[PDB]
Chemist: 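Quick one: this structure, given as structure tokens, is what I'll be asking you about.
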Amino acid sequence: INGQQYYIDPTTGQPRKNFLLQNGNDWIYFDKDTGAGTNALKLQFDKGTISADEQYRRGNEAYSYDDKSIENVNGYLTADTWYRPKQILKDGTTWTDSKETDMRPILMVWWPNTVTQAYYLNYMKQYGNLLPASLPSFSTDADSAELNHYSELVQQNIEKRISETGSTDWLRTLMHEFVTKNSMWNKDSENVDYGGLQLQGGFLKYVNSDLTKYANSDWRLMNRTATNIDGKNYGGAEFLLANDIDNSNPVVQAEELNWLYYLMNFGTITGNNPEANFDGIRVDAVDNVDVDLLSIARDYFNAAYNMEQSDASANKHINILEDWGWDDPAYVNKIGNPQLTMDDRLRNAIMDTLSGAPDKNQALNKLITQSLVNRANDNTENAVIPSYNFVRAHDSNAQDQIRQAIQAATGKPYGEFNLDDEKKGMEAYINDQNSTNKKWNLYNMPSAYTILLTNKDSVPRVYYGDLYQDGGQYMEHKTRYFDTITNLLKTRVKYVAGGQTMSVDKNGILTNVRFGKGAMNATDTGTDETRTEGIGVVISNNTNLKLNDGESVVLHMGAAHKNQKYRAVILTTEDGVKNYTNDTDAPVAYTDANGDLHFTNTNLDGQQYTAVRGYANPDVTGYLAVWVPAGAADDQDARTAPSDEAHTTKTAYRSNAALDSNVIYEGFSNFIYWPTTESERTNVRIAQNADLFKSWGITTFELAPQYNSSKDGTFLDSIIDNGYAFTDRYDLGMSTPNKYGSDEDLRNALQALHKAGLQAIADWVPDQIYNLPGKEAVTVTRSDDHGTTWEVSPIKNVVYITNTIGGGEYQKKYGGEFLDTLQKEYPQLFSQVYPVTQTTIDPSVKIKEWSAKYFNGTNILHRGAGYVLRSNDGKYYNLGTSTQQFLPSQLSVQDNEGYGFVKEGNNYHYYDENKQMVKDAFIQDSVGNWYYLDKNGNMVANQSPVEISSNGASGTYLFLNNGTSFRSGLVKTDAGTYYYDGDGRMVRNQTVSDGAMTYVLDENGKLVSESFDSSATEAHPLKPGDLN
Ligand SMILES: [Ca+2]
């Protein structure tokens, strides 16, 4: 009984918020907070008179407008501002001239309106006991004489408590707790939304303004990715996470080169050790930065390593791209393949045919065609775009599914967890991994890895979490796939080479063949070394596969393999798979004179598990078998060395037998735990295991990003501290260990890898920086991940407090410091003109500390739309440093009386700063609502649509009973339902999205249909193909 009322939306099953229901002259407004219905709106525009008591009035004035007198950010005041008054009412009794240290909250003496003053009183009473807790609530409607009486009493009681406790800490805490309970001062006014790449619930893009000139930029060219160089197209999302670096600013670009050089010379610079440098880069978040960076990195590598000279030259520095967009490969190829594109068409073919559940996988035929490379008869070299490929990665079918397991095991929201939670989720995740029916883990990991590692024209990348359990100390526990995948890896070195043929038969069974080194076509007879090389693969994704009697699967081993003995590498069993790491006790099969192997529904020569049929177990759902020639020498190596012959084209990597001889190891998971001893340190264990990785044929070890985590908990990366979320770009376990160890552990890992003949990859992360400690006022607009204005947000060209100043001691020590050396050693880098900026990089300014001018924007910070304090008509308070000096009445000697919104008779008027009545104009109140004063200067409030032209612009508006322009919501009337946009104007004849909601309005503005996208409402796994 006695509950609230709501209007349940038919598509959300939840209350409509900010929704007006009208029936004749009667109405219910359903509120913003919970959608609870009311028919009594409060007047929001009322200030009410300053202290009539002159001792309070004069005593509470600001001592001065100096920086030290009034807490501020670039001269702007915030809800948290404390200030020095002329006098304090000491111990509640004795007006006393203030000391410099006598700071008091501005909210002790000032409120944006009477609504907030009443709420302040209620709060200070209930939670501060600064009024008798017995008092009834102050209604918004309370007159200013009553409100002022009780805020003066609160002031007395604050001063008594300051005297009795000898402290103001309690008051700092209490006032900030009040602040955060006001929607104008919290996330409720920030239009939280998780659509697209709003991973943290929304962005604020930085814009130029006379209000914040020190934060202006001539650059901020956004979304300028591979398919949007000129900005005339859509491009990738500029915005992703945290503070988005403006990589279109030429000074920032020089700094990215500076950092790049630092990474590539890390051991030299920090350890006097040229044996402890990185050899290549991974470019993080490619489709979220100015694509100029690909050419800047290219140019540096060309200058320092002469990449384009030959294959031997390029292959000494394997670089890779995190480039998700399906049109990226053509562009990467065009600029010279300076970093390897991924082949996302190929990975998605694997996802679609092998990695899903039995009732979900598609026909295997797609593996032949859906890729940068057609593999039906891949018999040529240097003919395709070179690329790398993978089955999983730290952020690909790992982090989202692991968070799903944690959520399932703990009941906590997606992404929220402590270390105990993480371990409990990991136990469930690993139990799932070892099940036949998997909820969170990919199926057919053995078959997926077989395709990965036997494909021609591909640099495969192995994922750490497929060899070792994702969560645990580094390499603490092996997965069930460790033996299978390391068997494939060693077999790949020894046998996998030459041409490829892939086919799928009428039973949907896939056959994959490699001929061995020296043979490219099925008809080639090969060389001496070809004979005991090559591989044959049989794959099905059909758990019910049954061949009729007399039906066979034929592997066409080719003309180099006539009348030859083969032995098994992997066979599928009832319970899993069997691995054979060499010829000993492996089952055998013989080719005929055409080079064909013949398998059927029956074991060959009484050898267990040589029949082809469907299985369903935790390894295989379908069928897998792999065969190689018997009798290879123990030291057989089918790989090809890169030629040092001069390139005839302007390319680094070429897709050929030498590039194919490389394997990348992504040597981390996000869910590595912090080590409990020095011995458990990831980089310590990497150094100790260099020869192990070599034995798998790893040629480049991709290390995690080594940057010390911000540990701010604002994204997964700064919860599990993987190194992608950092404040100091140059701090690689240097001020304190990273999760992987100290900078000495890192240099030791690089040196040990080099000693074993492996390369090491530096994760280059130019997109963003986290957790800068210095505040800066910036003019911003709430925007989507492409910087498109969020139409329903009031945050449009609004001053907001950002955290953009800082960068740590190592950015300060090293930022810009290698530019002079780079200019003298590689001068050509400084005269290149880049395609997006159409200019050179700009090394004339060193970045030693970041500030807002260098960023495109920020994730929303939950400070609230109105945190920066304003009066009526959009006017900002300011000390006078960033914009016109203007202080609240209570702090100045100016009297508020008769200015702003004023009642006369049954009407309200608005008087401007010259005390003149405003007519036929829109005017904003201090908390951001909008009003229209008509031709007579009367506030409009008739809740029936009204046509207004304001500066040659039509609009149909609706003004609620309290005068406020209704906006960003629906109105249901007797005649239909209507939608008013973020500017208060009725929408007609279109489809509009309002956050999670989509509404279709006909020519008359009537709602025809609506839909709900729940994923806009909270953090969520990113949908497959979201980023293609
Ligand atoms: Ca960006």
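Computed from heavy atoms alone, side chains included, the values below leave out hydrogens, waters and symmetry copies. Every number for a ligand or one of its atoms is a count from 1 in the order of the listing. Residues: numbered from 1 along the sequence shown.
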Chemist: If only side-chain N and O atoms count, and only distance matters, is there a donor-acceptor pair under 3.5 Å linking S710 with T727?
Modeler: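 No donor-acceptor contact under 3.5 Å links the two side chains.
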Chemist: If a pair satisfies ring-ring contact (aromatic ring centres under 6.0 Å, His included) and one of its residues is in residues 202-224, list it, with sequence neighbours excluded.
Modeler: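 For residues 202-224, and leaving out neighbouring residues, the ring-ring contact (aromatic ring centres under 6.0 Å, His included) pairs sorted by first residue read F203-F239.
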Chemist: What residues, two or more places apart in sequence or in another chain, satisfy ring pair (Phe, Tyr, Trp, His ring centres under 6.0 Å) together with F726?
Modeler: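 Checked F726 against ring pair (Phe, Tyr, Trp, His ring centres under 6.0 Å); matches are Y707.
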Chemist: What protein N, O or S atoms come within a distance below 3.0 Å of the Ca ion (ligand 1), ordered by chain and number?
Modeler: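 The answer is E238 O, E238 OE2, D244 OD1, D244 OD2, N288 O, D767 OD1.
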Chemist: Take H394 and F668 through the test ring pair (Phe, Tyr, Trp, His ring centres under 6.0 Å) and record every step on the way to the result.
Modeler: CA-CA 7 Å; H394 69 279; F668 73 105; 4.9 Å; yes
Chemist: ring-ring contact (aromatic ring centres under 6.0 Å, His included): which pairs involve residues 777-804, sequence neighbours left out?
Modeler: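 Listed once each, the pairs are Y234-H786.
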Chemist: So does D983 pair up with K796, basic N to acidic O under 4.0 Å?
Modeler: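 Yes, charged N to carboxylate O under 4.0 Å.
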